[PDB]
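So basically every Cβ, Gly included, is an ideal-geometry build from the backbone, and we count neighbours across all protein chains shown. Just so you know, all these numbers are worked out from the coordinates, no wet-lab data involved.
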Amino acid sequence: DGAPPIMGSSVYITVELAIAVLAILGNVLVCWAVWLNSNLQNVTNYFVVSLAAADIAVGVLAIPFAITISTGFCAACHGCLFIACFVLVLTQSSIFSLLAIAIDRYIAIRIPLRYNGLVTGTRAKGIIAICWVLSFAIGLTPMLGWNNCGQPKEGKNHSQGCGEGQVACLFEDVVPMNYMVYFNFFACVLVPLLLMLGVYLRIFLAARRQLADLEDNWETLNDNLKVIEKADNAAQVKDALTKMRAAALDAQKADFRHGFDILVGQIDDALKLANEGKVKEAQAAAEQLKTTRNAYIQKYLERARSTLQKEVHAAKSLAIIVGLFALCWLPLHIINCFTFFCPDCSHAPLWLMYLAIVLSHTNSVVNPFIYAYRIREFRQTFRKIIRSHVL
Ligand SMILES: Nc1nc(NCCc2ccc(O)cc2)nc2nc(-c3ccco3)nn12
C-alpha cells in the first residue's frame, strides 16, 4: 500500500492548467495579430489561424477532457469515447493544416507565376473547412463501431461503482490500440509527416536549383564578356555573344523590362557587327554591356537572390513547426506501438504516460514563440498589440 495517487494528480492537474493558460494566450495573440495586420492576411497565414484555432481548442476543451478522463469516472461508453477522441480530431486538423502550409509554399516557390491564379482565399476557406470535417471523421472514427464498448472491463466497472451499462472511462479500455497504431499513427499521422518532409525537401531543392540556374546565367554573361575581350576572331565573338544572349533572356525569367531590353539590344547590335566581319567594333560595342549590367542586371539578380533567401527562411520557420509537432507527439505513438506490438514487455509507467501526454499538450504553446522568433512581421505585430491594449 503505497503513495496516495492524488498527490501526483495535484501536480498533473496544475501542470495541465498552466499549459492551457499558455496555449490560450499565445494562440489568441496569433489570431489577433492576423486579424488586425493586413500584411498577415494571405492564404499562407489562414492555415496558421486554423492551427492556432486547434491549439486554442486544446487549451479550452482537450485539456479539461484529459483532466476528466484521467479520473476513471463512471459514464456511458460512447460519451467516454467522444471525450477521449476529441483531441484526435484536433490533432488531425493540425496535421492537415501543416500539410496545407507545406503545399502552399511549394506551389508558391515552383510556380509563383500562376500562384495567385491557383491559390485564393475562397478555395483556401473551402480547403480548411474540408480539413476540419475530415479531421472529425478521422478522430471520431472509433464512435462508429470501432470501439470496445462491447468488450467492457467487468472488474473495473464494478470496482469504481458504475451504473448498469456505464463503464469506467480510461483510454486503453475503450479506445482500441490497433486503431491508434495502424489507423491513426501509421496512416493518418506518420504518412502525412513523411509527405511534409518530401515536400519541404523539394522546396529547398527548387530554391537551390533556381539560385544555381541564375548563377550559371550570370556567370555565362560575364564569362562570355571576358571571352570577347580575349578572343581574336569574329566567329568566336559571335559564338560567345549568342550564348550570352541565351543566358541573358534565360536570367530574364526570374518595371524591370527596361534593363534586360537594353542588354539584349546591345547583344543584338554586337551580333550584327560580328556577323559583318567587324571584330573590334563588336569588342568595343560589347564593352558597354557591363554598364547595363552594373545598373540593372546586378541589381535584379541581387534582388532575386534576396527573395529566394526570404522564401527559404520562411520555409525553414514553417518546417520547424512540423519538427516540434513530431517531437511532441511521437513519444505517445511510440508508447502505443510498444503497448500494441509487445505482449512480453512491461507497460510503460503511469508517470511516463502522463509525462508524454503533457509533452503532446505542450505543442499548442510553441508555435507563437516560433513565429515571434523567426518572422519579423508576426513579431512586430505582437509587439504593437503588447504595446497597444496591454503594455
Ligand atoms: N496510451 C495512452 N494512455 C492514456 N491514458 C491512460 C493510460 C493508462 C494506462 C494504464 C492504466 O491502468 C490506466 C491508464 N492516454 C493516451 N493518449 C494517447 C495519445 C494521444 C494522442 C496519441 O496517443 N495515448 N494514450
Provide the net charge surrounding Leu98, with neighbours chosen by a C-beta distance below 14 Å and charges set as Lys +1, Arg +1, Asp -1, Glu -1.
-> -1
Taking Cα centroids, how far is the stretch 44-102 from the stretch 176-255 in Å?
-> 40
So, by mean Cβ neighbours within 10 angstrom, what's the order for 208-218, 342-352 with the highest one leading?
-> 208-218, 342-352
Local electrostatic count, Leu214, Cβ distance below 9 Å [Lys/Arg +1, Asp/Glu -1] = -3
3J(HN,Hα) from dihedral phi, the stretch 190-207, Karplus parametrisation 6.51/-1.76/1.60, rounded to Hz, x for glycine, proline = 5, 4, x, 5, 4, 5, 4, 4, x, 5, 5, 4, 5, 4, 4, 4, 5, 4
Can you list residues whose amide H is under 5 Å from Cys74's amide H, if they're 5+ apart or on another chain and H is modeled 1.01 Å from N?
-> none
Among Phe204, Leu241, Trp218 the positive-end extreme of the charge dipole of the stretch 192-277 (Cβ point charges) | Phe204
Would you give the gap between the C-alpha center of the stretch 111-171 and the C-alpha center of the stretch 327-377, rounded to a whole Å?
-> 19
Beyond 22 Å, what percent of the Cα pairs of the stretch 212-302 remain?
-> 19
Per the chain, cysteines lacking a partner by the 4.7 Å Cβ criterion | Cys31, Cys85, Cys131, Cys188, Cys328, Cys337
Work out from phi, with θ = phi - 60° and the Karplus expression 6.51 cos²θ - 1.76 cosθ + 1.60, the ³J(HN,Hα) of each residue of the stretch 149-161, listed in order in whole Hz, and give x for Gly and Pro.
-> 4, x, 10, x, 8, 4, x, 5, 4, 8, 7, 6, x
Dipole magnitude of the chain about its Cα centre (Cβ charges: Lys, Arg +1; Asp, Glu -1), debye to nearest 20 | 1200
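How big is the C-alpha Rg of the stretch 31-172 next to the rule-of-thumb value 2.2 N^0.38 Å, as a ratio? The partial results should precede the final answer.
Details: Rg = 20.0 Å, N = 142, 2.2 N^0.38 = 14.5 Å.
So the Cα radius of gyration is 1.38 times the expected 2.2 N^0.38 Å.
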Can you work out ³J(HN,Hα) from phi for every residue in the stretch 61-75, in order, using Karplus 6.51 cos²θ - 1.76 cosθ + 1.60 and θ = phi - 60°, giving whole Hz and x for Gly and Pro?
-> 10, 4, 6, x, 4, 5, 4, 6, 4, 4, 5, x, 6, 8, 7
Order of 183-194, 23-34 by packing, highest average Cβ count within 10 Å first?
-> 23-34, 183-194
Tell me which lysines have Cα within less than 23 Å of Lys272's Cα, excluding those fewer than 8 residues away on the same chain?
-> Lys226, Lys230, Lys238, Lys243, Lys280, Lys290
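Please report, in debye to the nearest 20, how large the charge dipole of the stretch 120-234 is about its Cα centre when each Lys and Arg carries +1 at its beta carbon and each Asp and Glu carries -1 there. Mind showing how you got there, number by number?
Numbers: 9 positive and 11 negative charges, 75 e Å.
Once rounded to the nearest 20, the dipole reads 360 debye.
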Which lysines does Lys384 reach when only Cα atoms under 29 Å apart count, and residues fewer than 8 places away in its own chain are ignored?
-> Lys125, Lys310, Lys316
Placing +1 at every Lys and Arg Cβ and -1 at every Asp and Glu Cβ, with all other atoms neutral, what dipole size does the stretch 212-302 have around its Cα centre, in debye to the nearest 20?
-> 220
The chain: Cα Rg divided by the 2.2 N^0.38 Å rule of thumb = 1.41
